[PDB]
Each structure stands twice: as structure tokens, then as C-alpha cells.
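Contents: one structure, followed by commentary.
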Amino acid sequence: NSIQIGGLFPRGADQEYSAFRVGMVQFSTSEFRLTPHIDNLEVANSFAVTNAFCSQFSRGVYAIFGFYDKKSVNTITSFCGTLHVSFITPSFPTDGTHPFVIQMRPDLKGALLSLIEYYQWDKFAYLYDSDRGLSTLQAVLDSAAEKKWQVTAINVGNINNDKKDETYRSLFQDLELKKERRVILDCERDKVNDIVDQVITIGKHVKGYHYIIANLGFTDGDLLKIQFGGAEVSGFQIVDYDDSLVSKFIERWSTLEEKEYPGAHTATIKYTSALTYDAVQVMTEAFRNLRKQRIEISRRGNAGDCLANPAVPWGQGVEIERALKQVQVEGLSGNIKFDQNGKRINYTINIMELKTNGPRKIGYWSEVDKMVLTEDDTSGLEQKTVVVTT
Amino acid sequence: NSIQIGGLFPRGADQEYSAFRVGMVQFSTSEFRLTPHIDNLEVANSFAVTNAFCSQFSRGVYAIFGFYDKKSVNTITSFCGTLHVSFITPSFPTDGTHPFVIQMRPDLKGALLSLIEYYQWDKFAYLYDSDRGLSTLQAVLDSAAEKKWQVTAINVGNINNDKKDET
Amino acid sequence: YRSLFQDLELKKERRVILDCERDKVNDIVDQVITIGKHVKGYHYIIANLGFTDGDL
């Protein structure tokens, strides 16, 4: 039983495509086989997104999948909201509730809030890139109202690569006027690298400074460059490597030849690709749930124009979502659950700290339990509580 | 020499369309007269936007006119940039240098910062709707850094109208 | 290297004269970068004619 689905991907997202095919291999079943429709179009062109979308709609695919730009999110929400076509996504969570918008990336901001609550910062700089969405900034500012924080947010993503240099030295010099010791970066994997590099060159990775890297790729980042600077560094990890299923994933992940699956022949993996690999599992789990519900879904693949007026929804697709959010299985990120809005729920994220020996977990942020310190920290290994009689 | 053009007026903007009619009256000329393709569709719905857009595109209209949402801006920019079709809007300006884009609103930003400098303020709240975009926010914060300003921005616009009083 | 400069910390040295060939010069400099001991309050003296020849 072929089951056609979409397969949008940004170019240069090779690791995700590789892990995607890995998902196709790992979870293939005799009962039916998925029929991906790969499309390597840039997400920057919303029109091109429209093109691929109508294209797969012509394919009559029962599902569509891919990344999206903040520039593109409104388009996907508009169409999938209109045509009642379900759409899973690794990308950052939608700022607004929408139908047919499953989203693999857990909300991160609340954990960030609790994280600040732990360090009890009163004031700090806050760098950010626009591309993931400014909503996090809106959050930290709203908190800043209640928490009387004097945050100094600044965008950095406008800067050209060609002059990507002095702009930083000018920037951090500005931070010196406030003598900031505390900054939360909020940038892309690459921008994280360049920023850390410039911090190295200016030497502000010395003890007395501190940093917070607002993303799931904290372990993914190459932090070895600054491990010894004495400044403390901490971030987030959706994917524990100590997990059994994870280590098992690594056992084969390293093995794959790069020629077939480039970027895969490594000890680790980007969390995003991991979310992809999980997402395929979720999809296939849903379709497995369909036949058990014995619900026919054999819609015509000749959907015709997506621009057709009226754009009548095909109800079988509408049925699909009803199952999709109800799905629940383990993945590389661990357990996953969804709200009626398609946002992830009941997720828990592993707070991380870099240390001289290497990076280490210290606690986990539950959706309800918020920050929770581990058992390691709360002990007497290096130092414990002393009873003073007086 | 009648000349086909687009028409994309969001619902509930009657005064705008009326003004458009007055514009059609004041500048009508024998050399040519415009042929509007007026439409009343939700600005928020990028899908419907694309629908009417491609619809007029089927007309092959030599120009298009209408507004856009901050959500929809990427749509129309992506199209005029791709389709090399000219377009004009009275909506708030794009943050980027987008080809085949015309826009009637001069940026209020520099005048705003200037006005700030005139009062020589140091501390202020900054209430904002999301809808016109956060560019002014990025700007006022930018000037805030160098000027040692203490901004207190807040997103009032997400509040539900059902209880738009308690908040 | 890290063991080495840590030893310098016991004397809290702010002042060091390197005297090495340009390759090991560059390496030691890189390590100084990684350990971050190139902030204000430290100083260095590179004892060779290649002071411009090396990256700085």
C-alpha cells in the first residue's frame, strides 16, 4: 500500500534529508509503504513554497512535510489552514494556534524563563536573530516587566558576512559601557559559531562573564573552543545521548558512509534532524493507527488546482489530523504528545552546563514542574551542608 | 486605451475604496482609462490573497493594487519579486529592498527617534500592536542602547477583545 | 599547555616572555586564546625578528 506524502526541504539541510531516508528505512512496514515526494526548494521564496505546495497538491499527497521561514510560516498556515492539509514541522513553534500544523520543536521560552529565575539575573544583554521569530524576545520582555529586568536586546542578523567583523567589536564595546557580565545569545548554529569566535578574539570568554545559548543545539555547538576560558556557559539539550535508544541510534549512525548520507558519519547529530527522524515515526504510527481504525482514506490523487475557487476541503484529510494529535510514541527527543492545537506538550528538556571535564546535564525543565535540579548537584561530592553548633 | 489593473481592498475599508473612486474621477484621461479588478478579501488569508492574485495574473493585468498584512507581506514580495510584476501599496514599508514594490508610507521611524531626542527622554514605556511590525521596536531599542534609554516595551495587541478591559 | 599556564597562576604572573620558533609561537598563542589569558592585564614579548611574520 503506497502512501504518498510531501517532502519539502531547504537546500543544505542534507543531514535532515539523510536522517529522513533513515526514517524511511527504519520504520518501513509490510502493511504499507510511504511514498515521499522530495523537493529541495529554498524557503526564502514564499512563491516557490507555493509552487511546491500546489505541486504536491497536484500529486494528491495525503501529507506534506518540511521546514519553514518566519517569512513562510504565514503561507503554510494559510494554505494548510485552508485546504485542510496536515503539515508536520521541525521548525520553531507557531506564534498563533492553527489547524493542521503539527510542530516537532518544543516551545523553549518558558524553560529559558525558569533558567533565568535560577541564576537570578537582574539585568543582562540579549542578542537575537530575527529568523527564528521575535516571540522569545516578547516573552523575556513581558517577564522583564514583572521581574523589573533591564534587558538590553539587540538583533545581529542584519549584518553582512563581508563586513562581519568590526560590527562585533563595535557591538561588545557598547556592552562595556553597561559593563555587562551577562548575555543571552539567541542565534543560529552558524551565527553561534561566529559569535563565539569573535568573543574569543576579543577575549571576553574569561571568568567573570557568563552566557546562555537559547537553542536545543547547545551540545551540537562546538564549545570546545571556549571550554577553558573560565567563563561559565550553559544551554539546552532536547536529546540526551545517555539514552538507550539514542546510543543505539549512534551505533548505526556513525556507521553510514558519508557518500550515501553526508553529515551522518559522526558521533552525534543535530537535534533538528533527530526531530525529523522522530516525525517520520510519528506519521507512520498514525497511518498504522488508521488501518486499525479501518478508516478508508483512498481520496483521489487528482486534486486539481489548489487555487480552485471555491477551495473545497477533502474531508478525509480533515479526519487525518484528528488522529495525528492523538498519536503518542517515543522518539530521539523522548516522549512526545500534542495539544488540540498541534503544539507539543508534556515535553521535558535537559538543561546543560559546560565544564572543564566536558559538558554535563544538571537538571530538566518539565512543562509543569519547570526547572528541576538533578541528584548529582544536590549532594556532598565536592561540598555539602555543615552543622554549626553555637 | 483602457488599462487593466488589480484591486485588493480588505473588507470594511469602504472609505478607501471610495477615495479610490474619487481618484478614478480626478485623473481620468482620454489617452487611457484604468480598468480596476476590485476585490474584497481578508488581508490575513495568504491563500485567498494568492488566489485573487493569480486570478488577476490570469487577466495579465499590467499593474496591481491593494494592502498587505505583515503576514502577507512576504507573499506579495515573493510574487512581485518572482513574477517581475509591478505593485503599489499604502501599507507599512518592508524592511528589505524588494524589487517591483511601491509603497506610499514614508518611514515614521527617523522622525520618531528625532521626536524622542527633542524631549530628551531617557525612560519610557512602549506599547505596541504586532500588526504593523516590530521594526519600530528594533529601532527604538537600537537607539536605546547607545542613548542609555530604559525601554519598557509591551505587546498589547495579542489581548483578546472578549475581555479587553480586565487586562 | 593548560597545565603549564595553570602553574603560572600560582605566581599569578601577568608578564611572560615567549621565546619560540614561529610555528610553536602560533600554537602557544592559539592556546592562550583558548584559555583566554590575553585579556587586559596580561602582557607578552615575542623574542624573534618574525614578530610581524606571525599572525597577531
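Which chain is which? The protein sequence lines are B, A and D, in order.
For the first sequence, the entry's author numbering assigns the number 10 to the initial residue and increments by one for each residue that follows.
For the second sequence, the entry's author numbering assigns the number 10 to the initial residue and increments by one for each residue that follows.
For the third sequence, the entry's author numbering assigns the number 177 to the initial residue and increments by one for each residue that follows.
Cβ atoms here follow ideal geometry from the backbone N, Cα and C, with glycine treated the same way.
- Residue pairing by DSSP places B:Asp48 opposite B:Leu17 in a beta bridge.
- The CB of A:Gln159 comes closer than 8 Å to the CB of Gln159 in chain B, given here in chain order.
- Here B:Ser11 is bridged, per DSSP, to B:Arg42.
- With a threshold of 16 other beta carbon atoms within 10 Å, A:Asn164 meets it and is buried.
- Contact between B:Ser256 and B:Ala276 is ruled out by a C-beta separation of about 11 Å, above the 8 Å threshold.
- Within the same chain, Cβ atoms closer than 6 Å to the Cβ of A:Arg42 are found at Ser11, the five residues on either side in sequence being excluded.
- Close to chain D, meaning a Cβ-Cβ distance shorter than 7 Å, are the following residues of the stretch 196-219 of chain B: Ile209, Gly212, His214 and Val215.
- For the stretch 237-257 of chain B, the beta-carbon criterion of a distance under 7 Å to any beta-carbon of chain D is satisfied by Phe237, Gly238 and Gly239.
- The beta carbon of B:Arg198 is closer than 6 Å to those of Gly226 in its chain, skipping five residues each way along the sequence.
- Boundaries of the beta strand (DSSP E) harbouring B:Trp374: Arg369 to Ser375, taken from the DSSP string.
- Rounded to the nearest whole angstrom, the C-alpha separation of B:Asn344 and B:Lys334 is 14 Å.
- For A:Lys132, the uninterrupted beta strand (DSSP E) run begins and ends at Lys132 to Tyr137, by DSSP.
- Here A:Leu17 is buried. Its C-beta has 16 or more other C-beta atoms within 10 Å.
- Remark: C-beta atoms of A:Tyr137 and A:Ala162 approach each other more closely than 8 Å.
- Between B:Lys173 and B:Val205, the C-beta spacing is not below 8 Å.
- Taking a cut-off of 8 Å for Cβ pairs, the stretch 213-231 of chain B and the stretch 292-307 of chain B do not touch, as fewer than three such pairs fall below it.
- Contact note: A:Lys172 does not reach chain B at a C-beta cutoff of 7 Å; the least C-beta distance is about 18 Å.
- Separation of B:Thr91 and B:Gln207 (C-alpha to C-alpha, rounded to the nearest whole angstrom) is 45 Å.
- In the three-state reduction of the DSSP assignment, A:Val58 falls in the helix class, which pools H, G and I.
- D:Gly212 counts as buried, since no fewer than 16 other beta carbons sit within 10 angstroms of its beta carbon.
- At a Cβ-Cβ threshold of 8 Å, B:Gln112 and B:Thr103 count as neighbours.
- Not a single CB atom of chain D sits nearer than 8 Å to the CB of B:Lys301.
- By DSSP's assignment, B:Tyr220 forms a beta bridge with B:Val192 and B:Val242.
- For A:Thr161, the three-state secondary structure derived from DSSP is strand.
- Of the residues B:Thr38, B:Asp229, B:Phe96 and B:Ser375, the one whose Cα lies closest to the Cα of B:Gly326 is B:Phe96.
- Taking 7 Å as the cut-off between beta carbons, the residues of the stretch 128-144 of chain A near chain B are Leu143, in sequence order.
- Taking a beta-carbon distance threshold of 8 Å, D:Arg178 counts as an interface residue toward chain B.
- Chain D places no beta carbon closer than 8 Å to that of B:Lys268, leaving this residue out of the contacts.
- Following the DSSP letters along the chain, one finds B:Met361 in no alpha helix (DSSP H) but inside the beta strand (DSSP E) bounded by residues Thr357 to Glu362.
- Residue contact with chain B for A:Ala148: absent (no Cβ-Cβ distance below 8 Å to any residue of chain B).
- In the DSSP assignment, A:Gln112 forms a beta bridge with A:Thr98.
- The beta carbon of A:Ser55 sits closer than 8 Å to some beta carbon of chain B.
- Per DSSP, B:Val338 is not a residue of any alpha helix (DSSP H), being assigned neither H nor E.
- Taking a C-beta distance under 8 Å as the contact criterion, B:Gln159 and B:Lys132 qualify as a contact pair.
- Taking CB atoms only, B:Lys234 has a neighbour in chain D less than 8 Å away.
- Under the DSSP definition of a beta bridge, D:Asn202 lacks any partner.
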